[PDB]
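Since the structure comes first, as structure tokens, the remarks are kept for the end.
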Amino acid sequence: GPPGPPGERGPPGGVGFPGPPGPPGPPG
Amino acid sequence: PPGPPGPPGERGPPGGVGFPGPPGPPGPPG
Amino acid sequence: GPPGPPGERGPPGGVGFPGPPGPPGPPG
């Protein structure tokens with residue numbers, strides 16, 4: 001018998017790195 | 001017959017860098 | 001037959017966590 005077909009696609013990666021700081025607040 | 005399907009593929013790469021955070025608070029009265 | 005080869009690489013993961021809040025705004 002011939003080799004079977006390829007397996008299913010792998011699972012998604014894990015989540016990425018955390019983002020950078022947000023914008024400064026407005027003036028007081 | 002043909003053999004069974006192979007094992008699942010490799011896990012994908014990690015996602016992208018996260019978005020910038022929300023804004024800071026207002027500055028002080030000085 | 002013998003098992004098939006591994007499947008294709010998974011998709012990329014989700015975006016990382018948001019960054020922290022920005023710093024305070026300028027002094028009044």
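Each chain in the structure tokens gets a letter, A, B, ..., in the order shown, and its residues are numbered from 1; ligands are numbered from 1 in order too.
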For this session: Please identify all polymer residues within 6 Å of residue 19 in chain C, counting only C-alpha atoms, omitting same-chain residues fewer than 6 positions from it, and present them as a list in words.
Result: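 Final neighbour list, sorted by chain and number: residues 18, 19, 20 and 21 of chain A; 20 and 21 of chain B.
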Problem set entry | Contacts of residue 5 in chain A at 10 Å (only C-alpha atoms; same-chain gap of 2+ positions) as a ChimeraX atom specification | /A:2-3,7-8 /B:2-7 /C:2-7
Resulting file, chosen residues, N, CA, C and O atoms, as a PDB file, in the first residue's frame:
ATOM      1  N   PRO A   2       0.435   2.347  -0.672  1.00  0.00           N
ATOM      2  CA  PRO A   2       1.247   3.553  -0.748  1.00  0.00           C
ATOM      3  C   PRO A   2       1.202   4.313   0.573  1.00  0.00           C
ATOM      4  O   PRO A   2       0.321   4.082   1.397  1.00  0.00           O
ATOM      5  N   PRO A   3       2.142   5.248   0.808  1.00  0.00           N
ATOM      6  CA  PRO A   3       2.074   6.120   1.979  1.00  0.00           C
ATOM      7  C   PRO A   3       0.746   6.855   2.029  1.00  0.00           C
ATOM      8  O   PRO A   3       0.146   7.162   0.999  1.00  0.00           O
ATOM      9  N   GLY A   7      -0.720  14.933   6.908  1.00  0.00           N
ATOM     10  CA  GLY A   7      -1.568  15.270   8.037  1.00  0.00           C
ATOM     11  C   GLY A   7      -2.223  16.633   7.878  1.00  0.00           C
ATOM     12  O   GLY A   7      -2.045  17.345   6.877  1.00  0.00           O
ATOM     13  N   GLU A   8      -3.065  16.978   8.864  1.00  0.00           N
ATOM     14  CA  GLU A   8      -3.769  18.244   8.866  1.00  0.00           C
ATOM     15  C   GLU A   8      -2.770  19.373   9.148  1.00  0.00           C
ATOM     16  O   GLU A   8      -1.693  19.164   9.705  1.00  0.00           O
TER      17      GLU A   8
ATOM     18  N   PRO B   2      -4.004   2.744   0.918  1.00  0.00           N
ATOM     19  CA  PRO B   2      -3.113   3.781   1.438  1.00  0.00           C
ATOM     20  C   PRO B   2      -3.040   3.755   2.961  1.00  0.00           C
ATOM     21  O   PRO B   2      -4.004   3.401   3.650  1.00  0.00           O
ATOM     22  N   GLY B   3      -1.877   4.156   3.499  1.00  0.00           N
ATOM     23  CA  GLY B   3      -1.720   4.314   4.935  1.00  0.00           C
ATOM     24  C   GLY B   3      -2.579   5.450   5.481  1.00  0.00           C
ATOM     25  O   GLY B   3      -3.236   6.162   4.731  1.00  0.00           O
ATOM     26  N   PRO B   4      -2.598   5.636   6.812  1.00  0.00           N
ATOM     27  CA  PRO B   4      -3.398   6.711   7.402  1.00  0.00           C
ATOM     28  C   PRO B   4      -2.708   8.050   7.143  1.00  0.00           C
ATOM     29  O   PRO B   4      -1.508   8.095   6.833  1.00  0.00           O
ATOM     30  N   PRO B   5      -3.438   9.175   7.284  1.00  0.00           N
ATOM     31  CA  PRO B   5      -2.831  10.495   7.199  1.00  0.00           C
ATOM     32  C   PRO B   5      -1.686  10.608   8.196  1.00  0.00           C
ATOM     33  O   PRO B   5      -1.646   9.982   9.259  1.00  0.00           O
ATOM     34  N   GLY B   6      -0.709  11.452   7.823  1.00  0.00           N
ATOM     35  CA  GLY B   6       0.405  11.709   8.701  1.00  0.00           C
ATOM     36  C   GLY B   6       0.001  12.569   9.887  1.00  0.00           C
ATOM     37  O   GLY B   6      -1.158  12.995  10.029  1.00  0.00           O
ATOM     38  N   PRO B   7       0.974  12.830  10.775  1.00  0.00           N
ATOM     39  CA  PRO B   7       0.730  13.650  11.955  1.00  0.00           C
ATOM     40  C   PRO B   7       0.430  15.092  11.591  1.00  0.00           C
ATOM     41  O   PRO B   7       0.776  15.561  10.504  1.00  0.00           O
TER      42      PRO B   7
ATOM     43  N   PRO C   2       2.227   2.751   4.983  1.00  0.00           N
ATOM     44  CA  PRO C   2       2.782   3.473   6.125  1.00  0.00           C
ATOM     45  C   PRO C   2       2.142   4.849   6.259  1.00  0.00           C
ATOM     46  O   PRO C   2       1.531   5.345   5.322  1.00  0.00           O
ATOM     47  N   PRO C   3       2.208   5.474   7.451  1.00  0.00           N
ATOM     48  CA  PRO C   3       1.570   6.775   7.647  1.00  0.00           C
ATOM     49  C   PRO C   3       2.139   7.807   6.675  1.00  0.00           C
ATOM     50  O   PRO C   3       3.283   7.733   6.246  1.00  0.00           O
ATOM     51  N   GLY C   4       1.310   8.784   6.365  1.00  0.00           N
ATOM     52  CA  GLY C   4       1.709   9.877   5.507  1.00  0.00           C
ATOM     53  C   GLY C   4       2.651  10.831   6.239  1.00  0.00           C
ATOM     54  O   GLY C   4       2.963  10.680   7.419  1.00  0.00           O
ATOM     55  N   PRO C   5       3.171  11.818   5.498  1.00  0.00           N
ATOM     56  CA  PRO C   5       4.059  12.803   6.103  1.00  0.00           C
ATOM     57  C   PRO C   5       3.317  13.789   6.986  1.00  0.00           C
ATOM     58  O   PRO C   5       2.107  13.891   6.959  1.00  0.00           O
ATOM     59  N   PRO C   6       4.045  14.592   7.780  1.00  0.00           N
ATOM     60  CA  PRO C   6       3.407  15.646   8.553  1.00  0.00           C
ATOM     61  C   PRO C   6       2.697  16.661   7.688  1.00  0.00           C
ATOM     62  O   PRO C   6       3.080  16.909   6.548  1.00  0.00           O
ATOM     63  N   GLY C   7       1.652  17.260   8.240  1.00  0.00           N
ATOM     64  CA  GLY C   7       0.954  18.359   7.611  1.00  0.00           C
ATOM     65  C   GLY C   7       1.772  19.655   7.574  1.00  0.00           C
ATOM     66  O   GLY C   7       2.930  19.696   7.967  1.00  0.00           O
TER      67      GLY C   7
END
Problem set entry | After fitting chain C to chain A over every Cα pair taken in order, the RMSD |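 C-alpha RMSD after optimal superposition stands at 1.4 Å.
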Problem set entry | Residues within 7 Å of residue 26 in chain C, only C-alpha atoms, excluding chain neighbours under 4 positions, as JSON, numbers by chain | {"A": [26, 27, 28], "B": [27]}
